[PDB]
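J.: What follows is a single structure, and I will ask about it in a moment.
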Amino acid sequence: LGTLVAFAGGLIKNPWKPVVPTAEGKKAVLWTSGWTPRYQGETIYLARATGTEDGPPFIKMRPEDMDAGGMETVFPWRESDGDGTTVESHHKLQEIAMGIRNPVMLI
Amino acid sequence: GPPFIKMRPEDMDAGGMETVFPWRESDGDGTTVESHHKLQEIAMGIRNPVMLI
Amino acid sequence: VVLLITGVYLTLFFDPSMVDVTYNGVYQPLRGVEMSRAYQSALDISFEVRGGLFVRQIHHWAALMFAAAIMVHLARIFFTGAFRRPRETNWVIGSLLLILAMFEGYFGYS
Amino acid sequence: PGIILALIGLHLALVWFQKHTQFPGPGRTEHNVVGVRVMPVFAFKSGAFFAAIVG
Amino acid sequence: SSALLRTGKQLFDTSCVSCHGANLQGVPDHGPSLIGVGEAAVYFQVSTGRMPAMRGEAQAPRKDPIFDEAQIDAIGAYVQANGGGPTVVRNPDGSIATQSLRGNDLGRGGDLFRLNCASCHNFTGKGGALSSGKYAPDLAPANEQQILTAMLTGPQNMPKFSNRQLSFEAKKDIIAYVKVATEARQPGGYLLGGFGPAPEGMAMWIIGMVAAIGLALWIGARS
Ligand SMILES: CC(C)=CCC/C(C)=C/CC/C(C)=C\CC/C(C)=C/CC/C(C)=C/CC/C(C)=C/CC/C(C)=C/CC/C(C)=C/CC/C(C)=C/CC1=C(C)C(=O)c2ccccc2C1=O
Ligand SMILES: CC(C)=CCC/C(C)=C\CC/C(C)=C\CC/C(C)=C/CC/C(C)=C/CC/C(C)=C\CC/C(C)=C/CC/C(C)=C\CC/C(C)=C/CC1=C(C)C(=O)c2ccccc2C1=O
Ligand code: HEC
Ligand code: HEC
Ligand code: HEM
């Protein structure tokens, strides 16, 4: 019994430990989204993907950039992330692009 | 910013040794990802290091 | 047997990481795209090793034939009644083999 | 692959030591096996089938 | 002779008024208004043949075109004279651009296609099925101006991509990716239609297994 418990004990993780910092403390991963505010009143833009990597992989949007029959995917921007020039901002952006609860349809 | 900086002949005394690498100023400091790749490839080359006596 | 041989060949070129890189390879319509290391290794097997695409295609076709042959064999065993008194345990071993083959093929093409 | 290899070995061993079944026919009984010996014929047919499947 | 849309409003009156009205007003039974639309909508709808349509249901299919000899221009100018919709691109000769609508970057075009277009059509532009009848057609026989006007006018149940959310470079690059994806070889043998594992499983069951079972029938005796 002791041996088997020690064998299968390194894999087990708690899904509900608070590790994600938000505006009301720390939450579990399965309830934060990336659209969650971090310091009580921060601005999160609806950026869109451009498919190019000179400077913008994400740019802000205006309400007039769409007609009455259009759809668009958007992501959370957080201007403190900046464009993808340095390695730090490039890491931030590549983590924004790969989040399973980030994408949003704009109708 | 600097993982590599130039050198002057007066930055050494008569009993010192130092390792040096090829710089090629067109590589720049390690800010962007392009220059960071260039520098990380300079740092790992099996015939690059040199002893300065 | 063919699966074993071709998989041993394939293990010499595959890199199973999930770190991100930029392609910068020979396949032009994907240059500059950011991808994992496993996807890049598979592209390198496909386009930059002489005879690699052929080998991975043989691997996949052999997996399909493995599954199909197992199912036809099970059909024979069931319909002819070859599972009766002396051979129930051999039937059980066959069933376990079927389940394992299914999940192995799944993990493989993923 | 290791588990599958072990189970395939066990499967073939059980089939080898519990002799094969057969269909009813002219000289077939529940106490004998009618067919061909391994020695010249069966290994030959098995190898030829292997080569054809690989092809 | 641009001051001549008397042709135009000669063909519309004898092929369209039964479903759109004499004043392009949208007969409240069948057809839409056709006022805000422009030359691009008429070009895409007529040149592909989806226009003048019979009974009309969940999807008007693509057919053979009825109008050419510069009468698609006639109907297009006549409809543009009654609204301000988008217009068809032109080359320095006055004809419709084909070659100038191909971009030079296929990576960005393919990423944009996979994000915006591949959901309904396919990875490589084959068809896709929508709900209750309607489907998304194949992108192989459409030329460049048809692709541009298709994603510019937003035909039935297809979203409308303006020139503000999809700039002109983006459209040119998507056109280039589509035209390259429909005309490239298959460097692995005969591709089984463009889809995933369904044709592959069928080909296995109906070629490899019959070959194997036929050789088993030939080698082994039957009793
Ligand atoms: C015979 C056996 C299944 C009985 C088991 C006894 C039963 C009581 C146990 C419980 C099982 C439960 C309760 C229900 C089982 C249903 C299902 C959920 C089982 C999962 C896996 C199952 C056990 C596998 C068995 C399937 C069966 C044995 C397949 C054999 C088919 C036959 C014998 C092939 C003969 C020759 C063949 C027809 C050559 C012609 C080719 C034809 C067209 C094959 C048809 C065909 C097939 C079969 C495809 O799978 C396929 C997949 C993708 C695209 C196309 C095809 C396709 O066309
Ligand atoms: C000795 C040596 C290896 C040491 C190495 C020295 C060392 C210093 C060198 C280091 C080098 C290392 C790194 C690599 C060396 C080896 C390396 C190159 C190998 C990697 C992969 C390589 C390419 C593999 C090559 C081998 C290949 C060409 C040969 C494959 C052919 C074999 C495996 C076929 C065997 C078939 C099977 C396993 C036998 C089962 C028994 C037979 C088939 C009977 C089956 C059978 C039974 C049992 C029934 O009961 C039955 C009942 C009713 C109807 C039918 C049957 C029936 O068919
Ligand atoms: C009543 C039969 C019918 C006839 C005849 C017909 N149309 Fe249509 N038309 C429709 C229907 C129905 C639609 C709605 C689009 C759809 O659902 O596919 C439509 C749509 C259109 C559209 C696109 C509307 C939009 O908002 O994008 C244009 C442009 C058009 N028609 C022009 C024409 C032209 C040019 C002719 C040829 C003289 C023609 N119509 C003849 C029925 C008809
Ligand atoms: C599932 C929603 C949907 C999306 C998203 C979509 N399409 Fe379409 N597409 C359709 C439908 C439905 C039609 C058929 C319209 C018709 O027949 O009038 C169509 C028609 C077309 C055609 C005409 C094909 C032909 O042979 O005439 C082209 C070209 C086209 N779309 C290109 C695109 C491009 C490029 C994109 C990405 C910007 C795109 N589509 C995105 C559903 C969609
Ligand atoms: C035993 C049953 C097996 C099944 C059913 C199976 C199935 C598959 C399939 C379908 C693929 C996808 C290949 C592709 O799409 O290109 C794959 C990939 C792969 N297989 Fe297997 N496989 C088996 C055994 C093995 C073994 C024994 C090895 C190695 C010893 C192996 C090594 C690999 C590797 C490295 C890949 C990834 C390489 C690539 O995708 O190109 N496989 N497997």
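Naming scheme: A, B, ... for chains in displayed order of the structure tokens; residues 1 onward per chain; ligands 1 onward as shown.
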Show which residues sit within 10 Å of residue 19 of chain D, as a PyMOL selection string. Count only C-alpha atoms, and ignore same-chain residues fewer than 5 positions away.
T.: chain D and resi 14+32-33
J.: Would you please extract all strand (DSSP E) residues from segment 5-85 of chain A, as assigned by DSSP on the backbone, and give them as a list in words?
T.: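 Of segment 5-85 of chain A, only residues 20, 21, 22, 25, 26, 27, 46, 47, 48, 49, 58, 59, 72, 73, 74, 75 and 76 of chain A fall in strand (DSSP E).
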J.: Please produce a file of those selected residues containing N, CA and C atoms, as a PDB file, in the first residue's frame.
T.:
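The resulting file, part_12.pdb, is shown below:
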ATOM      1  N   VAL A  20      -4.509  31.919  -9.727  1.00  0.00           N
ATOM      2  CA  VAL A  20      -4.676  32.971 -10.727  1.00  0.00           C
ATOM      3  C   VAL A  20      -5.016  34.269 -10.005  1.00  0.00           C
ATOM      4  N   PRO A  21      -4.220  35.328 -10.156  1.00  0.00           N
ATOM      5  CA  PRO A  21      -4.494  36.575  -9.429  1.00  0.00           C
ATOM      6  C   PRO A  21      -5.544  37.418 -10.140  1.00  0.00           C
ATOM      7  N   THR A  22      -6.593  37.791  -9.409  1.00  0.00           N
ATOM      8  CA  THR A  22      -7.674  38.603  -9.954  1.00  0.00           C
ATOM      9  C   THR A  22      -7.974  39.774  -9.029  1.00  0.00           C
ATOM     10  N   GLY A  25      -8.822  38.732  -5.128  1.00  0.00           N
ATOM     11  CA  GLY A  25      -7.936  37.734  -4.571  1.00  0.00           C
ATOM     12  C   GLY A  25      -7.385  36.813  -5.632  1.00  0.00           C
ATOM     13  N   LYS A  26      -7.449  35.512  -5.376  1.00  0.00           N
ATOM     14  CA  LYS A  26      -6.951  34.506  -6.298  1.00  0.00           C
ATOM     15  C   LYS A  26      -8.007  33.429  -6.479  1.00  0.00           C
ATOM     16  N   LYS A  27      -8.190  33.005  -7.719  1.00  0.00           N
ATOM     17  CA  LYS A  27      -9.212  32.039  -8.079  1.00  0.00           C
ATOM     18  C   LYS A  27      -8.572  30.779  -8.638  1.00  0.00           C
ATOM     19  N   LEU A  46     -11.079  44.978 -27.404  1.00  0.00           N
ATOM     20  CA  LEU A  46     -11.443  43.861 -28.271  1.00  0.00           C
ATOM     21  C   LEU A  46     -10.536  43.934 -29.493  1.00  0.00           C
ATOM     22  N   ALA A  47      -9.350  43.358 -29.377  1.00  0.00           N
ATOM     23  CA  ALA A  47      -8.384  43.376 -30.460  1.00  0.00           C
ATOM     24  C   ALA A  47      -8.687  42.270 -31.457  1.00  0.00           C
ATOM     25  N   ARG A  48      -8.293  42.493 -32.705  1.00  0.00           N
ATOM     26  CA  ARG A  48      -8.475  41.513 -33.761  1.00  0.00           C
ATOM     27  C   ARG A  48      -7.127  41.097 -34.329  1.00  0.00           C
ATOM     28  N   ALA A  49      -7.077  39.886 -34.870  1.00  0.00           N
ATOM     29  CA  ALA A  49      -5.843  39.332 -35.402  1.00  0.00           C
ATOM     30  C   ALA A  49      -5.638  39.772 -36.843  1.00  0.00           C
ATOM     31  N   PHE A  58      -2.153  42.135 -33.091  1.00  0.00           N
ATOM     32  CA  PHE A  58      -3.432  42.507 -32.502  1.00  0.00           C
ATOM     33  C   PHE A  58      -3.584  44.017 -32.586  1.00  0.00           C
ATOM     34  N   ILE A  59      -4.737  44.474 -33.065  1.00  0.00           N
ATOM     35  CA  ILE A  59      -5.023  45.897 -33.196  1.00  0.00           C
ATOM     36  C   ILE A  59      -6.422  46.178 -32.674  1.00  0.00           C
ATOM     37  N   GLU A  72     -16.801  38.656 -36.582  1.00  0.00           N
ATOM     38  CA  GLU A  72     -15.370  38.789 -36.369  1.00  0.00           C
ATOM     39  C   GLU A  72     -14.986  38.167 -35.038  1.00  0.00           C
ATOM     40  N   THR A  73     -13.817  37.540 -35.011  1.00  0.00           N
ATOM     41  CA  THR A  73     -13.246  36.995 -33.791  1.00  0.00           C
ATOM     42  C   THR A  73     -12.373  38.065 -33.147  1.00  0.00           C
ATOM     43  N   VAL A  74     -12.443  38.172 -31.819  1.00  0.00           N
ATOM     44  CA  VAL A  74     -11.700  39.183 -31.077  1.00  0.00           C
ATOM     45  C   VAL A  74     -11.054  38.538 -29.859  1.00  0.00           C
ATOM     46  N   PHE A  75     -10.049  39.212 -29.318  1.00  0.00           N
ATOM     47  CA  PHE A  75      -9.272  38.732 -28.186  1.00  0.00           C
ATOM     48  C   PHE A  75      -9.077  39.855 -27.182  1.00  0.00           C
ATOM     49  N   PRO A  76      -8.792  39.530 -25.922  1.00  0.00           N
ATOM     50  CA  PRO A  76      -8.513  40.583 -24.933  1.00  0.00           C
ATOM     51  C   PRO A  76      -7.134  41.187 -25.156  1.00  0.00           C
TER      52      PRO A  76
END
J.: Can you tell me which residues sit at most 6 Å away from ligand 4, counting only C-alpha atoms and all ligand atoms, written as an MDAnalysis selection string?
T.: chainID E and resid 48 61 113 116:117 120 135:139 141:142 147 150:151 155:159
J.: Those residues with C-alpha atoms, as a JSON list (two decimals), in the first residue's frame please?
T.:
[["chain", "number", "residue", "atom", "x", "y", "z"],
["E", 48, "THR", "CA", -21.79, 32.71, -61.51],
["E", 61, "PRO", "CA", -27.63, 26.74, -56.79],
["E", 113, "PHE", "CA", -8.42, 31.74, -44.56],
["E", 116, "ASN", "CA", -12.27, 33.38, -41.26],
["E", 117, "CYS", "CA", -13.14, 31.07, -44.16],
["E", 120, "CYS", "CA", -17.66, 26.69, -43.44],
["E", 135, "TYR", "CA", -24.39, 24.10, -47.81],
["E", 136, "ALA", "CA", -21.12, 25.91, -48.54],
["E", 137, "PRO", "CA", -19.92, 25.20, -52.09],
["E", 138, "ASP", "CA", -16.52, 24.27, -53.48],
["E", 139, "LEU", "CA", -14.01, 27.03, -54.25],
["E", 141, "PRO", "CA", -14.07, 26.88, -60.35],
["E", 142, "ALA", "CA", -14.43, 30.48, -59.11],
["E", 147, "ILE", "CA", -13.82, 35.48, -54.95],
["E", 150, "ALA", "CA", -18.16, 37.06, -53.01],
["E", 151, "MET", "CA", -16.43, 38.06, -49.80],
["E", 155, "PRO", "CA", -24.23, 36.36, -50.57],
["E", 156, "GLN", "CA", -27.07, 34.37, -48.99],
["E", 157, "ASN", "CA", -26.17, 33.19, -45.47],
["E", 158, "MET", "CA", -22.52, 34.04, -46.04],
["E", 159, "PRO", "CA", -21.20, 36.84, -43.81]]
J.: Using only C-alpha atoms and all ligand atoms, find each residue with an atom at most 10 Å away from ligand 2 and format the answer as an MDAnalysis selection string.
T.: (chainID C and resid 1:2 4:9) or (chainID D and resid 5 8:21 38 42:43 45:47 49:50)
J.: For the selection just defined, write its residues with N, CA, C and O atoms to a file, as a short mmCIF file (atom, residue, chain, number, x, y, z; two decimals), in the first residue's frame.
T.:
data_model
loop_
_atom_site.label_atom_id
_atom_site.label_comp_id
_atom_site.auth_asym_id
_atom_site.auth_seq_id
_atom_site.Cartn_x
_atom_site.Cartn_y
_atom_site.Cartn_z
N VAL C 1 3.85 -6.52 -37.24
CA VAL C 1 5.29 -6.55 -37.48
C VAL C 1 5.73 -5.34 -38.30
O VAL C 1 6.73 -4.67 -38.00
N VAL C 2 4.98 -5.04 -39.37
CA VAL C 2 5.32 -3.89 -40.20
C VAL C 2 5.22 -2.60 -39.40
O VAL C 2 6.04 -1.68 -39.56
N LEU C 4 5.78 -2.26 -36.17
CA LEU C 4 6.98 -2.19 -35.33
C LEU C 4 8.17 -1.65 -36.12
O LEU C 4 8.87 -0.74 -35.67
N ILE C 5 8.41 -2.21 -37.31
CA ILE C 5 9.59 -1.82 -38.08
C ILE C 5 9.52 -0.34 -38.46
O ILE C 5 10.48 0.43 -38.24
N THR C 6 8.40 0.09 -39.04
CA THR C 6 8.30 1.47 -39.49
C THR C 6 8.31 2.45 -38.32
O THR C 6 8.85 3.55 -38.45
N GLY C 7 7.76 2.07 -37.16
CA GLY C 7 7.82 2.96 -36.02
C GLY C 7 9.22 3.11 -35.47
O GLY C 7 9.62 4.20 -35.05
N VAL C 8 9.98 2.02 -35.45
CA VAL C 8 11.38 2.12 -35.03
C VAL C 8 12.14 3.04 -35.97
O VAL C 8 12.99 3.82 -35.54
N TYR C 9 11.85 2.96 -37.27
CA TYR C 9 12.46 3.92 -38.19
C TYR C 9 12.05 5.35 -37.86
O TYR C 9 12.88 6.26 -37.88
N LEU D 5 2.63 -6.67 -27.18
CA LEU D 5 3.54 -7.75 -27.54
C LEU D 5 3.42 -8.91 -26.57
O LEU D 5 3.39 -10.08 -26.99
N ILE D 8 0.14 -10.70 -27.29
CA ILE D 8 0.18 -11.46 -28.53
C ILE D 8 0.98 -12.73 -28.35
O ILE D 8 0.62 -13.80 -28.87
N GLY D 9 2.09 -12.66 -27.61
CA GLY D 9 2.83 -13.87 -27.30
C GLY D 9 1.99 -14.88 -26.55
O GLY D 9 1.97 -16.07 -26.89
N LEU D 10 1.26 -14.42 -25.53
CA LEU D 10 0.40 -15.33 -24.77
C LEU D 10 -0.70 -15.92 -25.65
O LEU D 10 -1.01 -17.11 -25.55
N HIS D 11 -1.29 -15.09 -26.51
CA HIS D 11 -2.33 -15.55 -27.43
C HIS D 11 -1.82 -16.66 -28.33
O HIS D 11 -2.45 -17.72 -28.46
N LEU D 12 -0.67 -16.45 -28.97
CA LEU D 12 -0.14 -17.45 -29.88
C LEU D 12 0.30 -18.70 -29.14
O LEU D 12 0.18 -19.81 -29.68
N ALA D 13 0.81 -18.57 -27.92
CA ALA D 13 1.16 -19.75 -27.14
C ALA D 13 -0.07 -20.59 -26.84
O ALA D 13 -0.06 -21.82 -27.01
N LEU D 14 -1.15 -19.95 -26.39
CA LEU D 14 -2.37 -20.68 -26.10
C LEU D 14 -2.92 -21.35 -27.35
O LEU D 14 -3.45 -22.46 -27.28
N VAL D 15 -2.81 -20.69 -28.51
CA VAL D 15 -3.28 -21.32 -29.73
C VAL D 15 -2.38 -22.49 -30.13
O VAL D 15 -2.85 -23.47 -30.71
N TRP D 16 -1.09 -22.40 -29.82
CA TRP D 16 -0.18 -23.47 -30.21
C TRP D 16 -0.37 -24.72 -29.36
O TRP D 16 -0.31 -25.84 -29.87
N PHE D 17 -0.61 -24.55 -28.06
CA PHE D 17 -0.67 -25.72 -27.19
C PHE D 17 -2.07 -26.30 -27.06
O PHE D 17 -2.20 -27.51 -26.81
N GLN D 18 -3.12 -25.50 -27.20
CA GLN D 18 -4.45 -26.01 -27.47
C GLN D 18 -4.62 -26.05 -28.98
O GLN D 18 -4.80 -25.00 -29.61
N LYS D 19 -4.54 -27.24 -29.57
CA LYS D 19 -4.49 -27.33 -31.02
C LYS D 19 -5.72 -26.68 -31.65
O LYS D 19 -6.76 -26.48 -31.02
N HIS D 20 -5.58 -26.34 -32.93
CA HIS D 20 -6.60 -25.59 -33.64
C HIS D 20 -7.90 -26.38 -33.78
O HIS D 20 -7.91 -27.61 -33.72
N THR D 21 -8.99 -25.65 -33.95
CA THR D 21 -10.28 -26.26 -34.23
C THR D 21 -10.38 -26.60 -35.72
O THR D 21 -9.46 -26.35 -36.50
N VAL D 38 3.64 -28.92 -40.60
CA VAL D 38 4.40 -27.68 -40.72
C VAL D 38 5.51 -27.84 -41.76
O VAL D 38 5.67 -27.02 -42.66
N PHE D 42 3.53 -25.70 -44.43
CA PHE D 42 2.81 -24.63 -43.73
C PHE D 42 3.68 -23.39 -43.56
O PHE D 42 3.19 -22.27 -43.73
N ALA D 43 4.95 -23.58 -43.23
CA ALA D 43 5.86 -22.44 -43.15
C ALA D 43 5.96 -21.73 -44.49
O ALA D 43 6.02 -20.49 -44.55
N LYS D 45 3.64 -21.55 -46.95
CA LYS D 45 2.42 -20.78 -47.20
C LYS D 45 2.37 -19.53 -46.32
O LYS D 45 1.99 -18.45 -46.78
N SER D 46 2.79 -19.67 -45.06
CA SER D 46 2.77 -18.52 -44.15
C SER D 46 3.73 -17.43 -44.62
O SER D 46 3.39 -16.24 -44.62
N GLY D 47 4.95 -17.81 -45.02
CA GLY D 47 5.90 -16.82 -45.49
C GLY D 47 5.45 -16.14 -46.77
O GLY D 47 5.63 -14.93 -46.94
N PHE D 49 2.38 -15.66 -47.69
CA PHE D 49 1.32 -14.73 -47.32
C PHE D 49 1.89 -13.46 -46.70
O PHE D 49 1.41 -12.35 -46.98
N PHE D 50 2.91 -13.60 -45.85
CA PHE D 50 3.57 -12.43 -45.28
C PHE D 50 4.10 -11.51 -46.37
O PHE D 50 3.89 -10.29 -46.33
#
J.: Between D:6, D:41, D:53, D:34, which is the closest to chain E once you count only C-alpha atoms?
T.: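 Nearest candidate to chain E out of D:6, D:41, D:53, D:34: D:53.
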J.: Would you list the residues that come within 9 Å of ligand 3? Count only C-alpha atoms and all ligand atoms and give the answer as a VMD selection string.
T.: chain E and resid 8 11 to 20 27 29 to 46 50 to 61 66 to 67 72 75 to 76 79 153 to 157
J.: Go ahead and dump the residues you just picked, N, CA and C atoms, as a compact mmCIF listing (two decimals), in the first residue's frame.
T.:
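Listed below is the output, selection.txt:
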# COMPACT_ATOMS: atom_id res chain seq x y z
N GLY E 8 -29.57 47.27 -70.24
CA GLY E 8 -29.63 47.32 -68.80
C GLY E 8 -31.09 47.38 -68.43
N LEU E 11 -33.13 44.64 -70.24
CA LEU E 11 -33.04 43.24 -69.86
C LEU E 11 -33.64 42.99 -68.49
N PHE E 12 -33.45 43.93 -67.57
CA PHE E 12 -34.08 43.82 -66.25
C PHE E 12 -35.60 43.77 -66.39
N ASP E 13 -36.16 44.62 -67.23
CA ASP E 13 -37.61 44.67 -67.41
C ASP E 13 -38.18 43.39 -68.00
N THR E 14 -37.37 42.60 -68.70
CA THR E 14 -37.85 41.37 -69.31
C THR E 14 -37.31 40.11 -68.65
N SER E 15 -36.55 40.23 -67.57
CA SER E 15 -36.05 39.05 -66.87
C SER E 15 -36.08 39.12 -65.35
N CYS E 16 -36.41 40.27 -64.75
CA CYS E 16 -36.34 40.41 -63.30
C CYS E 16 -37.59 40.97 -62.64
N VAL E 17 -38.39 41.78 -63.33
CA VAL E 17 -39.46 42.51 -62.67
C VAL E 17 -40.50 41.62 -62.01
N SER E 18 -40.56 40.34 -62.38
CA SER E 18 -41.55 39.47 -61.75
C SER E 18 -41.18 39.10 -60.32
N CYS E 19 -39.94 39.34 -59.89
CA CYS E 19 -39.54 39.00 -58.54
C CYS E 19 -38.85 40.12 -57.78
N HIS E 20 -38.53 41.24 -58.42
CA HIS E 20 -37.93 42.38 -57.73
C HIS E 20 -38.69 43.68 -57.89
N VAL E 27 -40.53 42.94 -54.58
CA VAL E 27 -41.84 42.29 -54.51
C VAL E 27 -41.96 41.56 -53.18
N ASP E 29 -43.29 39.24 -51.94
CA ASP E 29 -43.42 37.80 -51.93
C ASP E 29 -42.09 37.07 -52.07
N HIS E 30 -41.24 37.47 -53.02
CA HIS E 30 -40.07 36.67 -53.37
C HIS E 30 -38.75 37.39 -53.15
N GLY E 31 -38.55 38.56 -53.75
CA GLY E 31 -37.23 39.12 -53.86
C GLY E 31 -36.93 40.27 -52.93
N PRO E 32 -35.65 40.48 -52.66
CA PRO E 32 -35.24 41.63 -51.85
C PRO E 32 -35.26 42.93 -52.63
N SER E 33 -34.82 44.01 -51.98
CA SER E 33 -35.02 45.35 -52.54
C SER E 33 -34.11 45.61 -53.73
N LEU E 34 -32.82 45.31 -53.59
CA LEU E 34 -31.80 45.57 -54.61
C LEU E 34 -31.52 47.05 -54.81
N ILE E 35 -31.72 47.88 -53.79
CA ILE E 35 -31.39 49.30 -53.92
C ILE E 35 -30.01 49.60 -53.35
N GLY E 36 -29.75 49.21 -52.11
CA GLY E 36 -28.44 49.46 -51.53
C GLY E 36 -27.33 48.65 -52.16
N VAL E 37 -27.66 47.54 -52.83
CA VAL E 37 -26.64 46.74 -53.49
C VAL E 37 -26.06 47.52 -54.67
N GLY E 38 -24.92 47.06 -55.15
CA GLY E 38 -24.24 47.77 -56.21
C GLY E 38 -23.91 46.93 -57.42
N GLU E 39 -22.84 47.29 -58.12
CA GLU E 39 -22.41 46.54 -59.29
C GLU E 39 -21.76 45.22 -58.91
N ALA E 40 -21.10 45.16 -57.75
CA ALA E 40 -20.42 43.93 -57.35
C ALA E 40 -21.41 42.81 -57.08
N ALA E 41 -22.52 43.13 -56.42
CA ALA E 41 -23.53 42.12 -56.14
C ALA E 41 -24.10 41.55 -57.43
N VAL E 42 -24.46 42.42 -58.37
CA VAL E 42 -25.01 41.97 -59.64
C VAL E 42 -23.99 41.13 -60.40
N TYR E 43 -22.73 41.57 -60.40
CA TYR E 43 -21.70 40.82 -61.10
C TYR E 43 -21.56 39.41 -60.53
N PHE E 44 -21.43 39.31 -59.21
CA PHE E 44 -21.25 37.99 -58.60
C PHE E 44 -22.48 37.11 -58.81
N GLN E 45 -23.67 37.70 -58.73
CA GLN E 45 -24.87 36.89 -58.78
C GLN E 45 -25.17 36.42 -60.20
N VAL E 46 -24.82 37.21 -61.21
CA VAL E 46 -25.16 36.85 -62.58
C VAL E 46 -24.04 36.06 -63.24
N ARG E 50 -26.14 32.15 -60.54
CA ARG E 50 -27.17 32.01 -59.52
C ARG E 50 -28.39 32.85 -59.84
N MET E 51 -28.23 33.88 -60.66
CA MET E 51 -29.33 34.75 -61.08
C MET E 51 -30.05 34.19 -62.29
N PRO E 52 -30.91 34.96 -62.94
CA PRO E 52 -32.35 34.73 -62.78
C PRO E 52 -32.68 33.32 -62.36
N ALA E 53 -33.39 33.24 -61.24
CA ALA E 53 -33.57 32.01 -60.50
C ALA E 53 -34.99 31.49 -60.67
N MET E 54 -35.09 30.17 -60.75
CA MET E 54 -36.36 29.49 -60.76
C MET E 54 -36.88 29.42 -59.33
N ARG E 55 -37.78 28.49 -59.04
CA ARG E 55 -38.64 28.53 -57.86
C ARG E 55 -38.06 29.25 -56.64
N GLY E 56 -36.81 28.99 -56.30
CA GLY E 56 -36.21 29.68 -55.19
C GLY E 56 -36.53 28.99 -53.88
N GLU E 57 -35.49 28.53 -53.19
CA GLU E 57 -35.63 27.78 -51.95
C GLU E 57 -34.39 28.02 -51.09
N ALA E 58 -34.15 27.09 -50.16
CA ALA E 58 -33.09 27.24 -49.15
C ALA E 58 -31.76 27.71 -49.72
N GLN E 59 -31.36 27.19 -50.89
CA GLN E 59 -30.22 27.75 -51.62
C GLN E 59 -30.49 27.71 -53.11
N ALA E 60 -30.45 28.87 -53.73
CA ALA E 60 -30.30 28.95 -55.18
C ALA E 60 -28.94 28.39 -55.58
N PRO E 61 -28.90 27.36 -56.42
CA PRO E 61 -27.63 26.74 -56.79
C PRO E 61 -26.94 27.49 -57.92
N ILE E 66 -26.67 33.24 -68.10
CA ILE E 66 -27.48 33.61 -69.25
C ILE E 66 -26.88 34.79 -70.00
N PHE E 67 -26.32 35.76 -69.28
CA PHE E 67 -25.94 37.04 -69.86
C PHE E 67 -24.43 37.17 -69.99
N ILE E 72 -23.80 42.04 -68.63
CA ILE E 72 -23.60 42.06 -67.18
C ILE E 72 -23.20 43.46 -66.74
N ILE E 75 -26.60 45.57 -66.80
CA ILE E 75 -27.43 45.43 -65.61
C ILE E 75 -26.72 45.99 -64.39
N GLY E 76 -25.39 45.83 -64.32
CA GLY E 76 -24.66 46.35 -63.18
C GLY E 76 -24.70 47.86 -63.10
N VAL E 79 -28.20 49.01 -62.09
CA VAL E 79 -28.49 48.85 -60.67
C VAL E 79 -27.66 49.82 -59.83
N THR E 153 -19.59 41.18 -51.06
CA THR E 153 -21.03 41.42 -51.05
C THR E 153 -21.79 40.55 -50.06
N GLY E 154 -21.21 39.44 -49.61
CA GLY E 154 -21.84 38.61 -48.62
C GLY E 154 -23.13 37.96 -49.10
N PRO E 155 -23.02 37.00 -50.02
CA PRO E 155 -24.23 36.36 -50.57
C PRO E 155 -25.01 35.60 -49.52
N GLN E 156 -26.12 34.99 -49.91
CA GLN E 156 -27.07 34.37 -48.99
C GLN E 156 -26.38 33.54 -47.92
N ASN E 157 -26.64 33.89 -46.66
CA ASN E 157 -26.17 33.19 -45.47
C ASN E 157 -24.65 33.16 -45.36
J.: Distance cut-off 10 Å, counting only C-alpha atoms - which residues of chain E neighbour chain D? Return them as a PyMOL selection string.
T.: chain E and resi 208+211-212+215-216+219-220+223
J.: Near chain A, meaning an atom within 8 Å, which residues of chain B appear when counting only C-alpha atoms? Write them as a PDB file with C-alpha atoms, in the first residue's frame.
T.:
ATOM      1  CA  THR B  31      16.021  43.217 -27.150  1.00  0.00           C
ATOM      2  CA  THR B  32      14.026  41.976 -30.139  1.00  0.00           C
ATOM      3  CA  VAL B  33      13.539  38.305 -30.903  1.00  0.00           C
TER       4      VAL B  33
END
J.: Pick from E:172, E:102, E:164, E:185: nearest to chain A, with only C-alpha atoms counted?
T.: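 Among E:172, E:102, E:164, E:185, it is E:164 that comes nearest to chain A.
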J.: Within 10 Å of ligand 1 (counting only C-alpha atoms and all ligand atoms), which residues show up? I'd like them as a PyMOL selection string.
T.: (chain C and resi 67-79+95+98-99+102) or (chain E and resi 197-210+213)
J.: How would you report the residues lying within 9 Å of ligand 5, as an NGL selection string, if you count only C-alpha atoms and all ligand atoms?
T.: (:C and (1 or 3-16 or 38-39 or 41-43 or 45-46 or 52-53 or 55-64 or 66-67 or 100-110)) or (:D and (1-2 or 4-5))
J.: As a count of residues only, please: every residue in chain A that a backbone DSSP assignment puts in helix (DSSP H, G or I).
T.: 23
J.: I need the chain A residues near chain C as JSON, numbers by chain; criterion: at most 12 Å, counting only C-alpha atoms.
T.: {"A": [51, 52, 53, 54, 90, 91, 94, 95, 97, 98]}
